[PDB]
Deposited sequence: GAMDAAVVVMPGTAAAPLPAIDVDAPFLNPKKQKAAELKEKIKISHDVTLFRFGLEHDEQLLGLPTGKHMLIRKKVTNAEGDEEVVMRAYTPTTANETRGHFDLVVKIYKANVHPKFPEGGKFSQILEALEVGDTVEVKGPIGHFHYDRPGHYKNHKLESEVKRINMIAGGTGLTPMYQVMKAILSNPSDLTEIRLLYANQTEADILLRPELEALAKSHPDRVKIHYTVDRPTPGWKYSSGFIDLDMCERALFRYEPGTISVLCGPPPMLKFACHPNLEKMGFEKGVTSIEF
C-alpha cells in the first residue's frame, strides 16, 4: 500500500534537515513506516502543507521517488526575508519549511499531475498515450526537480534507451540547483544525455550561455521535433510562455501535444 493517497492529507514527520548550501536545504521526511512505498508515478508531484500562526501549501517534486522506501527527500530553495529588495518578506512556505525542527510534521497530498512516464519509452498525458524516443527538458530555477525525477527514472533504468536534452535557466550561477548531481548524470550517461545552462548575469569563467532562452540557444541545446520527440517544461510562467513555447514552436513542437508543461 503506498503512502500517497490523492483523496487524503497524510502526515509526514521530518527525520533530517541537511544544508546543501547557504540557501538550499534537503528535508528528509519519513513515511508511515520505514519500508513504505511512496507511490509517486514518474511525471507527478505532491502538495505539501502546514497549518501555522493559516494553512500554507506548495507543490514539490521530491529528489527521491518509488525507488526509495520509507522516506522522501525534498530539495528546497529558501527565499529568505530581507535579502532581495523586490521581495523583503521572502517566500512564505520555504521559510516555514526552513523553520521546521526534526520531529515536526507536514501534510502531504498526491500524486498530482496529468503527465505520466509509465514505462521505458512511453508516456500518458491526460487521456493521450504515446511512445517516446527523445525528451527535451526546459527548466527554470525550482522547475528543475520535475525534470530531475524524469531524468533519473530514464537513466537509472537498465532497459530504457530514451535520450534526453536539458536546458536549465537561472538568474545567477549560484542559483543552479543540484549542479554536481546534474554533472555526474551527464558524466555517467554521456551518450544518453546532454545538459546546457544559461544565466542572466554571468561571471568571467562561465563556459555556457548568457541571457534569456532564445531560438539559437534552443537549437544548440535541444532536439528538433520528429515523431517520437517531446519537450517538457517547468519554470516561471513568463519564461515558459514568452521564451520557451515560441522557440519550441519554431523547432516543430506543438503546445499541449508535443510541448507539455508540468
- Message: Comparing the deposited sequence against the modelled residues, what ranges come up empty for C-alpha?
- Response: 1-24, 78-83
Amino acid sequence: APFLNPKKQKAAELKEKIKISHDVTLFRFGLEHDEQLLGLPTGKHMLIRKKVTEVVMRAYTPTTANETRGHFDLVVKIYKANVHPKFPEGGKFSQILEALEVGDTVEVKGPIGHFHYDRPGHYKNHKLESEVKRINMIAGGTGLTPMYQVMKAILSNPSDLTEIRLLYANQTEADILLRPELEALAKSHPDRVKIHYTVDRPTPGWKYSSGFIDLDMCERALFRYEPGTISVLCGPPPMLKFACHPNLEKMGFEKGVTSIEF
From here on, numbers count along this sequence of modelled residues.
- Note on the structure: Ranked by mean Cα B-factor in the entry, 169-177 and 67-75, top stretch is 169-177
- Item | Average Cα temperature factor in the PDB entry - higher stretch of 121-129, 144-152 | 121-129
- Note on the structure: One of 109, 114, 134, 189 has the largest Cα B-factor in the entry, namely 114
- Message: Looking at the C-alpha B-factor values in the deposited entry, which of 98, 183, 89, 104 comes out highest?
- Response: 89
- According to the PDB entry, is the CA B factor of residue 39 in the bottom, middle or top third of its chain, that is, lowest, middle or highest? middle
- Query: If you rank every modelled residue in this chain by C-alpha B factor, which third holds residue 82: lowest, middle or highest?
  - Reply: highest
- Which third of the chain does residue 19 land in by C-alpha B-factor: lowest, middle or highest? lowest
- Message: Considering every modelled residue of the chain and its Cα B-factor in the PDB entry, is residue 195 in the lowest, middle or highest third?
- Response: lowest
- Note on the structure: Tertile call for residue 235 (CA temperature factor, within chain, third-based) is the middle
